[PDB]
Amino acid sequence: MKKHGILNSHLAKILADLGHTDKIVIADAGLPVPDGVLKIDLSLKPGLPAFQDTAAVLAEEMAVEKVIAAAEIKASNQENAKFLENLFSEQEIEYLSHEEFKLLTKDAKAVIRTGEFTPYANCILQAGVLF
């Protein structure tokens, strides 16, 4: 068995190919996935896994230099919007309209679907560099 790194095999393969600036998406159960974009669904039941738990695992296994979320999250989802701010303190956090957000997902290397059943609980993690 693999000693270090993320446990999920599908995710490990995605992280392995990440280059500087590549993007991956963590989505709630409702976010549509653009055609041609790999979808890794971790959902089990409503609320499992949670957006927060998923983002937390990714944060410790991936080097993030920028996080992008939809502005609507600040109003419609205060708890998760705060979570992001807290978790990605040293990272640049950019906000866009949900509409522009969805356009950006087309360039993502993959979309990770969580069991999150709350509005605008989605974010794009942009890969940084280790040197």
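Numbering starts at 1 and runs along the sequence shown.
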On mean C-alpha B-factor from the PDB entry, just flag whether 48-56 or 92-100 is the higher one.
92-100
Higher of the two mean Cα B-factors (25-33, 67-75; per PDB record) comes from 67-75
Going by the recorded CA B-factors, say which third of the chain residue 106 sits in, lowest, middle or highest.
middle
Taking the C-alpha B-factors as the PDB entry records them, is residue 125 in the lowest, middle or highest third of its chain?
middle
